[PDB]
Amino acid sequence: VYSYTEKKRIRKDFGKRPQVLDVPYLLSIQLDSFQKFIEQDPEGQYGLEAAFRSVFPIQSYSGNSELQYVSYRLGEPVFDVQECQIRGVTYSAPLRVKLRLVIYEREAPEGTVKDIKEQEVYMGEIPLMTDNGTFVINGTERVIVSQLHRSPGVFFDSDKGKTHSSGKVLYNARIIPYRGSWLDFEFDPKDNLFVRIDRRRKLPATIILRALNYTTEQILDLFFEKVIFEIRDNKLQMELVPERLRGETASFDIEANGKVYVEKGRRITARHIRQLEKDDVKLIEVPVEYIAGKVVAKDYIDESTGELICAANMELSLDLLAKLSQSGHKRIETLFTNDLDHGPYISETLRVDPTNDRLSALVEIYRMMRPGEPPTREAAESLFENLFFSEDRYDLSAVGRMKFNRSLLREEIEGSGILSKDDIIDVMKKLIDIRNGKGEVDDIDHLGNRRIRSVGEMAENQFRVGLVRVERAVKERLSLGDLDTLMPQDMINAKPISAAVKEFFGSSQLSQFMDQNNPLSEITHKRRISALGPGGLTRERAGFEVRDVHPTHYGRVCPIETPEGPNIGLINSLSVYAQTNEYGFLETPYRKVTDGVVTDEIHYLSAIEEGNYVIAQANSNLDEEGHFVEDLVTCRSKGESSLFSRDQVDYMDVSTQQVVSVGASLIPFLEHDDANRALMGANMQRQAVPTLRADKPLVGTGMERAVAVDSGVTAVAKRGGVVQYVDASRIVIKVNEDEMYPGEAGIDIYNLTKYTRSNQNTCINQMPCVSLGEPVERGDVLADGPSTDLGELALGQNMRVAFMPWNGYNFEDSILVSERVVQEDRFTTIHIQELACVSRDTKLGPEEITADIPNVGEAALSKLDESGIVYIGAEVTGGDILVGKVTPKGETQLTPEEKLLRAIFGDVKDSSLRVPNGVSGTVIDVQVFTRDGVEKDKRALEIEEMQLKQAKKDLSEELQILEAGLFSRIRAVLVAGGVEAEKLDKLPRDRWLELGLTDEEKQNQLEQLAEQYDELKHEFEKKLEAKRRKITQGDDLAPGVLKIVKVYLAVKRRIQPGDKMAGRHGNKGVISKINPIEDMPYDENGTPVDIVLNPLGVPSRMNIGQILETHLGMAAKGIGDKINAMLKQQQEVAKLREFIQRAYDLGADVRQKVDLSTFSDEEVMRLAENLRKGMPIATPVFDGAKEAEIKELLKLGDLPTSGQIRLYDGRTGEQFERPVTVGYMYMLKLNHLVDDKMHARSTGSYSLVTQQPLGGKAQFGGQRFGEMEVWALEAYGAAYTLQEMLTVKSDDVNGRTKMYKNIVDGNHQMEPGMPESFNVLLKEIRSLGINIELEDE
Amino acid sequence: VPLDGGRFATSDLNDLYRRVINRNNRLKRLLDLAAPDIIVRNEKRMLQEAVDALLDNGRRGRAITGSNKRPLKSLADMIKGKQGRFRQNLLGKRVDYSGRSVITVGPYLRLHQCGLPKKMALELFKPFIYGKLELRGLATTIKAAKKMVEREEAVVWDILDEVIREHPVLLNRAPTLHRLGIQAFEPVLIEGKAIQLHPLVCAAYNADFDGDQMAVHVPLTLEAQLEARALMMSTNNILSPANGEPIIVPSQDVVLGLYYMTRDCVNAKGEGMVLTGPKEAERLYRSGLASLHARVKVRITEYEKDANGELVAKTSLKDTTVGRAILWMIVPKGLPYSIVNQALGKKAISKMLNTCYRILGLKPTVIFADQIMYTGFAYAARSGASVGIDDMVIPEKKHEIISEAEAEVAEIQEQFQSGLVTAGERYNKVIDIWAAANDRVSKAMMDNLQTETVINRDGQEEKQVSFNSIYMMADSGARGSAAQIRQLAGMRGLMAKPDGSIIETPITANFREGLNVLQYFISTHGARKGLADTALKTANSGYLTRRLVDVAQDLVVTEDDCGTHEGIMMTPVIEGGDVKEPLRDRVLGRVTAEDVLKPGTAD
RNA sequence: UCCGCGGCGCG
DNA sequence: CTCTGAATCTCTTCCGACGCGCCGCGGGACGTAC
DNA sequence: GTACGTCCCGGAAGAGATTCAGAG
Ligand SMILES: [Mg+2]
């Protein structure tokens, strides 16, 4: 079962594993992120309305005035997209908000407000999303990349080893809020608790606890358990629990009930513990020396004297024991403090602190926060209540609260945005337990601790910044308010929010420039995960663990695609099936398996809960019932790989394609290739160039259809129907009967995009691929874009290739190309350049653009009109003039005597645009921008008349076609219920309203048709008026410029020795020499080969997949030429039908199972004709074809089975003694031309700071001689050349003038002098107080 | 500098000067009215902070800032670092009369000359063209010269050809590493838009042809030309400045061709004949009547220099191969015949070239070098060594070896479930058994690939060395080693995880067959680790090289003989096993300190 | 206008 | 108990490769009159 | 709206504070 346009060219596919979930909407991240920010979200959640409800409601300083929020609405954009990129204005829309201001009277704060006022006010402008998912800021399209940042919540790092150089690992626990000040705890070699705030100086931990209204006894009770001592009449009896004696050191004989249990000098045994549990011993006698190390917790005060006997947290002594015993105390409570079970960290920290008063703690905090300021109670209280417990400055997000709760094993996963005392005390307790040895540390690289942002979140954050700025502004303005004498628009201003949004969208580390020259390039650019940006890492502070891939990266982020160089592993790309969870984590699909049956329903798993379960591999065979054919299947439980039983798994992979990203998944035979060359080949594939005539790729992956459809490049059909009128400019579709709306059905109209400037100086064009009378179905390709063909993705071309070393012209990686390749004109690429001329305003008068130019003759003016603008179609080369632009420098200072002196022997001067030297081409379009109030020349009038004619003819044709279809629909409806074959159309269709007929659904349907006809004609008149007014008016430009002339050159670039060509496996190389056709080797059949590679690279660069690809291409052409031979003779359809059927079965159990008995004879004839150029073959990434299928398919053809064919030589003409390999490989052209890096300079401009030549190519400069270059020259005996080169040719001015004069005279002699850059250093170092000078000669 | 618009892009120094002078003027004004001490002290402290900021910004806390956040620069910042004068504008400065492009091969050139594109040829040498044109008197002024050079008539190309005949130029690679990073050639005009560079030089530059860019320079004055002609040719750099081995060693292709040249097979057409001299061996070979490599007895007349500077002519009948005679056609007179009787790999040819240089002089060495390069390309092209997909024969015992290893690991695991073994020792044991299986399968694959060929020898049967394309390409020494062929044919062994330990499951699939997903995923770890390491290591090495080079800048040899008697005792190193380096490669090229005494003491 | 900052890319 | 006093711990600075090619933004604000 | 005045991450190394070790 296939649709009609899939019947044009069916792609044979291998494979055995049946897929269950097709590729989703591949461009979903940007769209589903942005369809939350500009949406009217009811009741408020993660949107603009939430931001307003968060910041907007404001109450003045008891001024009885309040500014609340009501609603918002976005108006229609002023300009469409096309006008936006053609002019230069942002594709934005106004943001209307309804605001309420209330002012109350006296004596009551809570009652009903006396007076209100409501109105609509304007504020800011928001950039929109085009349907391609991209942004237009300033005449330049730009793309936003999603950012990967550090997840909010509590985390336990460890800092292995490095600190203190002693092997004692420390432990820190930092809390990273979503917005606010940080907070972290850590240890010391002294084993103390320390608090730090925003990396400032170290403070003890107990200060916060004391400031939170906790007494010392409360702290000790919370952080430690309790033990009781009871002073009986003899030896201070003690209450005992047997389970606490694990690992404690004994000091005497433990006995109970008059029975000895533990021997003096020995330690407890497990059997002794069992015995103690058997006897339920509770109270034991204790010697006085056993209490020689316990510390009191709470204070004891004498009732009689009224003093303090023992203070909190100090060790007791014998004298203190006697005092407390004689004071009448019976219950004595102290600490546990074992060596291994519970460290006395809290006790020693409370000992080491200098202060023990909450007001003192607040004083310490206040002085720490703001040094050098007298503290006071109110300021400290406010500051502490505002740092952590204020809604304005500290706020955890819902994700932050969820993770914070999860890491502490609480129950309710919902809470407020601020923290509380329970949270901090639980964090301290968890840290103590982690130090104690229970629990485990948490690593960072795990994807369960990382979060992805997108456009919406960052836009909301910047917008909130703008609103907080305007909020403090309106507060300070309302603090001096008045009784509604002003209307609520003065306080609100469009400066701050607009400035913030413009700076974010224009100048940010994540609003990066679009790099588009291929559909794949944009399919892989918008799906990018950058680890840089605000709030993220920096390039120079990235270690190795952040670059290496964690074993939890399987199926979420690509492991093999990343830009090589300074930043590897930070620009990783998202996978194919991967999505975004609601909170923001990454997840991938899976299949839930029952005990024996693999159910087809899909479950989503995040990056945390997957480790608990066990996951089987995708590439495991299975039966029709889902039972695993083996009793053991390899799986992964916790980052490992092992073997498990028949029934212990709970989830299954969806398909074998989910491990890679879209960038590298297009490389056939990937599983036979090394990772390095796969990465390189993906990088070259990302950076191809459009070709003049695309050709289908012979060996594909069966995925090109999705990547071609989902990119914003192909005009995919919206609603099904049949084509009615096709043209190189527009396409019209007649709608089918089952897909019409009840009203205003009509027919669809499209508009192709012709030759226009691209963004990377390439050319994007659209050619219609649909015939006439060909019906179409919904969601189908009609006209292909650049590097596309019939809905497939065709980057380069396929050519016959052969492997051998040939006379050294393919020495190490060079390639030789026969003249046949350029003969067929199949590597020509089109490049479009934009040249601008500005008409600024300077002193002494403005400049003139007329053609009146002196110092040149008819040779330089034959290509110009009267206005001074080149005609359209004038073949221009290097050395002509495009616009005659002259600057009147002036200062003529005419004199009756001295001026005629200049004319005795033998003002405004030219500043016209100059063609780049070396590039030919033809001008295609000239566009002019003029400031309003300036006289337009003749050419501007003609151009605007041309636009008016084009617009009016377009609208007229649109009305003509639309109403023709409308009246055809009227006729079709009228065919039933009172039809008049000829009586209806005696007089033209303009009057079909006075028709006498019965009133039914048809009659009022026609009435509705006429009503919408009238409405349409009115609306078309209105918008024709609006459009002509819009196009006739002038346009705003930059300040100070008079007019702008835009001219487009269109150079056609051929192939030439120096260009870079590369395959799809990383075997790049630059072509070396072009050869006549006779010289390349030819086979016995007679056909010559086209490209000869270098076989030497295969051992080292172990990319064995290229050989397999070559053999597969040979097989494809072996089928294709056989079809060609069968087609050239006018043979009947049965033989070709059976041949194609045999070609399609040709293998083991596959998923295609196509049949030809359901094809029309015309359809199969067209399929055969379109298949004459070879058979495309689809191969999955990790489910490809083995060797046996290749051998069998070659056996289907007459080609040799071994894959090596004997070959002859062209020069000498004898057989090679060893046969070689030939076949068809997909060869690409990269965007590194040779006429872009070639450069030379004799003597150009000089800089001003130091008289040295400039740098770069656009600036006419020369190359740089570095310091290592100087060392290399010094390593020889080189003396004169070094001095000469860095003295005369570079710095000295008199020296180089003298050298020039001498060279033009035929002598060669040098005067060194002294370089002036050293003189610059002299002056600069003299600019300080240092006395630098040069002594005698 | 005024830019496009009504605003002026002010420099940081100007703003700092304005601030300091404004504060000074305000303080001068304030003291006139005898202000209270507090305010004048406060403004003085402001002035002092400002002048410190101007003199050195960022040394004190709260560094001043400019437009939005970037700290403004100062003179101290203008001297330091890569953005300062010393290391960016004084030691290395941009020079005119230069150009750059991409490189191609053009293997038909001789090694003392290089190609150069026409456009750069016209653009670089414009002053010379002007001088010659004025001497020949085709222009009264310079403006006519301007029109003629910009119009490039037919009268200027002959002049350009005349001025280039003997004018050396310099080539350069951007990340220059050693003293061979700069060399001079004799340019030869060529069409196109790229520079052709001789392939044999390409080994010295460590430059492939994947888009490398070379920068050209012109020595202008007369002494520069003479110095470049005396020291800067490739002909005067035949030995490395780091070691005594030649640096013009054949790299990749010619070595492969020559290794194909000499490997006699037991049976080929044309066996058992006698030839007069090498000059007719080619006559037989090119007529198709004798195979390229076959046993044959020929007469060879080599010249040897046992006598005092004169060459001795001796003749004999040597048993050799036809290809060896064809190569004997190209050897100079000095070398004895016993040097081309072996397989003639890469080390052998390097040593042979070295001894040719050591014995015969200099000029015959360079002539032999470029001639051998020509003939190597020619015969490698004739051979046509192509890699095929059936050329990788998998050993048939691999499956049974894997089965045995899996049975052993299964029984070890079962013993682990018996509670008799710990974790670390079984870990080490399974690693050991996997290593044993790896080396065993590697040995089996090497054994059944390197000598699989068997021939009837015109008799019953005989076993000879194999002519497999991949084995021949890997054993020559052109590119590859045992590790790469082992990885490509046998199982790849044990990969490591970022923790540094070894994953318990080896990869039991070679590149010829398929790979499972996790097997690829594990190797991704090593690939990424290697790429990151090679990214950072070059950055470290550059800084280390600069630190070494700055300190030894001033040591220049100035005297011919100090005249001392103190030396260091030199002995070969013995680590505790076989000798690593003998006296031959450690004492060579040094002067004796004390007289060497034979164990015939007092001799 | 020749400079600075930022991003991307190739050796 | 007291004085050195050598040893130790902690705070502050400098340093991290070298050639290119493409593109985009940049004295801005804040008030004072004109 | 605009011209104009004022303004604004290790790693290595050393210097300095601490410390406690031990002799007098
Ligand atoms: Mg390279």
# chains A, B, ... in the order shown; residues from 1 in each chain; ligands from 1
call {"tool": "residues_around", "arguments": {"residues": "residue 528 (chain B)", "least_positions_apart": "6", "cutoff": "10 Å", "atoms": "only C-alpha atoms (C1' of nucleotides)", "output": "ChimeraX atom specification"}}
result
/A:547-549,559-560,562,564,568-569,675-676 /B:534
call {"tool": "write_last_selection", "arguments": {"atoms": "N, CA and C atoms", "output": "mmCIF file, in the first residue's frame"}}
result
data_model
loop_
_atom_site.group_PDB
_atom_site.id
_atom_site.type_symbol
_atom_site.label_atom_id
_atom_site.label_comp_id
_atom_site.auth_asym_id
_atom_site.auth_seq_id
_atom_site.Cartn_x
_atom_site.Cartn_y
_atom_site.Cartn_z
ATOM 1 N N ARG A 547 33.711 16.744 29.340
ATOM 2 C CA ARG A 547 33.832 16.455 27.919
ATOM 3 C C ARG A 547 33.583 14.996 27.581
ATOM 4 N N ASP A 548 34.008 14.072 28.437
ATOM 5 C CA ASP A 548 33.784 12.660 28.172
ATOM 6 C C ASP A 548 32.316 12.306 28.369
ATOM 7 N N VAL A 549 31.850 11.335 27.593
ATOM 8 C CA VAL A 549 30.440 10.968 27.598
ATOM 9 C C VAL A 549 30.174 9.965 28.712
ATOM 10 N N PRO A 559 26.582 10.530 20.588
ATOM 11 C CA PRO A 559 27.943 10.272 21.064
ATOM 12 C C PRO A 559 29.012 10.512 20.007
ATOM 13 N N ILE A 560 28.622 10.614 18.738
ATOM 14 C CA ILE A 560 29.589 10.618 17.643
ATOM 15 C C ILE A 560 29.591 11.905 16.836
ATOM 16 N N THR A 562 30.092 15.971 17.046
ATOM 17 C CA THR A 562 30.506 17.142 17.806
ATOM 18 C C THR A 562 31.544 17.892 16.989
ATOM 19 N N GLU A 564 34.854 19.262 16.097
ATOM 20 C CA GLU A 564 36.202 19.013 16.573
ATOM 21 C C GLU A 564 36.980 20.322 16.672
ATOM 22 N N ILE A 568 35.219 20.459 22.151
ATOM 23 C CA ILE A 568 34.742 19.112 21.870
ATOM 24 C C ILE A 568 33.943 18.634 23.071
ATOM 25 N N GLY A 569 32.748 18.111 22.816
ATOM 26 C CA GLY A 569 31.911 17.584 23.870
ATOM 27 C C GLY A 569 31.056 18.601 24.590
ATOM 28 N N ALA A 675 34.928 5.477 14.794
ATOM 29 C CA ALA A 675 34.249 6.653 15.326
ATOM 30 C C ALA A 675 34.850 7.945 14.784
ATOM 31 N N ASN A 676 36.178 8.008 14.680
ATOM 32 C CA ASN A 676 36.834 9.254 14.293
ATOM 33 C C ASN A 676 36.448 9.664 12.879
ATOM 34 N N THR B 534 44.645 14.982 22.424
ATOM 35 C CA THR B 534 45.444 15.600 21.370
ATOM 36 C C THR B 534 45.094 17.071 21.199
#
call {"tool": "residues_near_ligand", "arguments": {"ligand": "ligand 1", "cutoff": "9 Å", "atoms": "only C-alpha atoms (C1' of nucleotides) and all ligand atoms", "output": "list in words"}}
result
residues 206, 207, 208, 209, 210, 211 and 212 of chain B; 11 of chain C
call {"tool": "select_by_dssp", "arguments": {"residues": "region 443-564 of chain B", "states": "strand (DSSP E or B)", "output": "ChimeraX atom specification"}}
result
/B:454-455,462-463,493,496,502,507
call {"tool": "write_last_selection", "arguments": {"atoms": "C-alpha atoms", "output": "compact mmCIF listing (two decimals), in the first residue's frame"}}
result
# COMPACT_ATOMS: atom_id res chain seq x y z
CA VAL B 454 50.64 -22.32 -1.88
CA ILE B 455 52.02 -23.15 -5.34
CA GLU B 462 55.48 -25.35 -2.34
CA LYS B 463 54.77 -22.51 0.09
CA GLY B 493 40.82 -6.48 22.28
CA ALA B 496 39.00 1.05 28.74
CA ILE B 502 38.95 -2.33 31.79
CA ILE B 507 34.65 -6.57 21.67
call {"tool": "residues_around", "arguments": {"residues": "residue 8 (chain D)", "least_positions_apart": "6", "cutoff": "12 Å", "atoms": "only C-alpha atoms (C1' of nucleotides)", "output": "count of residues only"}}
result
4
call {"tool": "residues_around", "arguments": {"residues": "region 290-306 of chain B", "least_positions_apart": "6", "cutoff": "10 Å", "atoms": "only C-alpha atoms (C1' of nucleotides)", "output": "PyMOL selection string"}}
result
(chain A and resi 1217) or (chain B and resi 260-278+281-284+312-326+328+331-337+359-360+379+383)
call {"tool": "closest_atom_pairs", "arguments": {"of": "chain A", "to": "chain E", "cutoff": "8 Å", "atoms": "only C-alpha atoms (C1' of nucleotides)", "output": "tab-separated table"}}
result
residue	atom	partner	partner_atom	distance
A:540	CA	E:9	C1'	7.8
A:541	CA	E:9	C1'	5.2
A:542	CA	E:9	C1'	7.8
call {"tool": "write_last_selection", "arguments": {"atoms": "N, CA and C atoms", "output": "PDB file, in the first residue's frame"}}
result
ATOM      1  N   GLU A 540      37.738  27.783  28.950  1.00  0.00           N
ATOM      2  CA  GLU A 540      39.026  27.501  29.568  1.00  0.00           C
ATOM      3  C   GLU A 540      38.906  26.850  30.938  1.00  0.00           C
ATOM      4  N   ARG A 541      37.700  26.740  31.491  1.00  0.00           N
ATOM      5  CA  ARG A 541      37.493  26.148  32.807  1.00  0.00           C
ATOM      6  C   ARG A 541      36.754  24.818  32.722  1.00  0.00           C
ATOM      7  N   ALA A 542      36.885  24.121  31.600  1.00  0.00           N
ATOM      8  CA  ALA A 542      36.273  22.815  31.412  1.00  0.00           C
ATOM      9  C   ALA A 542      37.343  21.744  31.550  1.00  0.00           C
TER      10      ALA A 542
END
call {"tool": "decode", "arguments": {"residues": "chain C", "atoms": "N, CA and C atoms (P, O5', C5', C4', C3', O3' and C1' of nucleotides)", "output": "PDB file, in the first residue's frame"}}
result
ATOM      1  P     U C   1      34.012  56.816   7.473  1.00  0.00           P
ATOM      2  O5'   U C   1      34.794  55.521   7.968  1.00  0.00           O
ATOM      3  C5'   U C   1      34.097  54.440   8.579  1.00  0.00           C
ATOM      4  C4'   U C   1      35.036  53.358   9.050  1.00  0.00           C
ATOM      5  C3'   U C   1      36.159  53.833   9.973  1.00  0.00           C
ATOM      6  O3'   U C   1      36.346  52.968  11.114  1.00  0.00           O
ATOM      7  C1'   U C   1      37.081  52.791   8.033  1.00  0.00           C
ATOM      8  P     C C   2      36.678  51.387  11.035  1.00  0.00           P
ATOM      9  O5'   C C   2      38.184  51.325  10.529  1.00  0.00           O
ATOM     10  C5'   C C   2      39.230  50.881  11.383  1.00  0.00           C
ATOM     11  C4'   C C   2      40.241  50.066  10.621  1.00  0.00           C
ATOM     12  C3'   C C   2      41.590  49.889  11.311  1.00  0.00           C
ATOM     13  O3'   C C   2      42.156  48.639  10.917  1.00  0.00           O
ATOM     14  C1'   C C   2      41.887  51.079   9.289  1.00  0.00           C
ATOM     15  P     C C   3      42.955  47.730  11.977  1.00  0.00           P
ATOM     16  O5'   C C   3      42.375  48.169  13.395  1.00  0.00           O
ATOM     17  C5'   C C   3      43.247  48.534  14.455  1.00  0.00           C
ATOM     18  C4'   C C   3      42.481  48.837  15.716  1.00  0.00           C
ATOM     19  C3'   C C   3      41.824  47.646  16.401  1.00  0.00           C
ATOM     20  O3'   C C   3      42.715  46.903  17.213  1.00  0.00           O
ATOM     21  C1'   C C   3      40.258  49.397  16.215  1.00  0.00           C
ATOM     22  P     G C   4      42.381  45.377  17.593  1.00  0.00           P
ATOM     23  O5'   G C   4      41.175  45.482  18.631  1.00  0.00           O
ATOM     24  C5'   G C   4      41.360  46.067  19.911  1.00  0.00           C
ATOM     25  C4'   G C   4      40.050  46.232  20.640  1.00  0.00           C
ATOM     26  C3'   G C   4      39.246  44.961  20.858  1.00  0.00           C
ATOM     27  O3'   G C   4      39.701  44.217  21.974  1.00  0.00           O
ATOM     28  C1'   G C   4      37.825  46.663  20.035  1.00  0.00           C
ATOM     29  P     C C   5      39.641  42.612  21.959  1.00  0.00           P
ATOM     30  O5'   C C   5      38.097  42.284  22.172  1.00  0.00           O
ATOM     31  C5'   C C   5      37.423  42.710  23.345  1.00  0.00           C
ATOM     32  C4'   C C   5      35.936  42.483  23.246  1.00  0.00           C
ATOM     33  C3'   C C   5      35.502  41.095  22.807  1.00  0.00           C
ATOM     34  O3'   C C   5      35.545  40.143  23.854  1.00  0.00           O
ATOM     35  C1'   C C   5      34.280  42.713  21.600  1.00  0.00           C
ATOM     36  P     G C   6      35.889  38.607  23.532  1.00  0.00           P
ATOM     37  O5'   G C   6      34.554  38.045  22.873  1.00  0.00           O
ATOM     38  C5'   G C   6      33.328  38.077  23.586  1.00  0.00           C
ATOM     39  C4'   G C   6      32.150  37.850  22.676  1.00  0.00           C
ATOM     40  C3'   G C   6      32.190  36.586  21.837  1.00  0.00           C
ATOM     41  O3'   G C   6      31.828  35.426  22.564  1.00  0.00           O
ATOM     42  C1'   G C   6      31.545  38.405  20.481  1.00  0.00           C
ATOM     43  P     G C   7      32.582  34.035  22.286  1.00  0.00           P
ATOM     44  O5'   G C   7      31.754  33.391  21.089  1.00  0.00           O
ATOM     45  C5'   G C   7      30.350  33.227  21.193  1.00  0.00           C
ATOM     46  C4'   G C   7      29.710  33.087  19.838  1.00  0.00           C
ATOM     47  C3'   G C   7      30.277  31.996  18.947  1.00  0.00           C
ATOM     48  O3'   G C   7      29.779  30.711  19.272  1.00  0.00           O
ATOM     49  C1'   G C   7      30.043  33.985  17.700  1.00  0.00           C
ATOM     50  P     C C   8      30.728  29.423  19.135  1.00  0.00           P
ATOM     51  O5'   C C   8      30.735  29.124  17.571  1.00  0.00           O
ATOM     52  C5'   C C   8      29.520  28.879  16.884  1.00  0.00           C
ATOM     53  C4'   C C   8      29.703  28.931  15.389  1.00  0.00           C
ATOM     54  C3'   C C   8      30.809  28.062  14.819  1.00  0.00           C
ATOM     55  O3'   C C   8      30.447  26.698  14.706  1.00  0.00           O
ATOM     56  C1'   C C   8      30.919  30.207  13.846  1.00  0.00           C
ATOM     57  P     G C   9      31.568  25.559  14.862  1.00  0.00           P
ATOM     58  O5'   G C   9      32.465  25.716  13.555  1.00  0.00           O
ATOM     59  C5'   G C   9      31.918  25.467  12.271  1.00  0.00           C
ATOM     60  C4'   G C   9      32.843  25.910  11.165  1.00  0.00           C
ATOM     61  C3'   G C   9      34.211  25.257  11.123  1.00  0.00           C
ATOM     62  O3'   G C   9      34.181  23.959  10.562  1.00  0.00           O
ATOM     63  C1'   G C   9      34.425  27.585  10.762  1.00  0.00           C
ATOM     64  P     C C  10      35.331  22.900  10.926  1.00  0.00           P
ATOM     65  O5'   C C  10      36.563  23.352  10.028  1.00  0.00           O
ATOM     66  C5'   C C  10      36.460  23.372   8.613  1.00  0.00           C
ATOM     67  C4'   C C  10      37.740  23.851   7.980  1.00  0.00           C
ATOM     68  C3'   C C  10      39.003  23.142   8.436  1.00  0.00           C
ATOM     69  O3'   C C  10      39.201  21.917   7.753  1.00  0.00           O
ATOM     70  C1'   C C  10      39.349  25.487   8.447  1.00  0.00           C
ATOM     71  P     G C  11      40.205  20.812   8.339  1.00  0.00           P
ATOM     72  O5'   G C  11      41.599  21.177   7.667  1.00  0.00           O
ATOM     73  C5'   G C  11      42.821  20.782   8.266  1.00  0.00           C
ATOM     74  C4'   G C  11      43.880  21.836   8.079  1.00  0.00           C
ATOM     75  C3'   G C  11      45.110  21.704   8.959  1.00  0.00           C
ATOM     76  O3'   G C  11      46.046  20.764   8.463  1.00  0.00           O
ATOM     77  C1'   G C  11      44.333  23.926   9.043  1.00  0.00           C
TER      78        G C  11
END
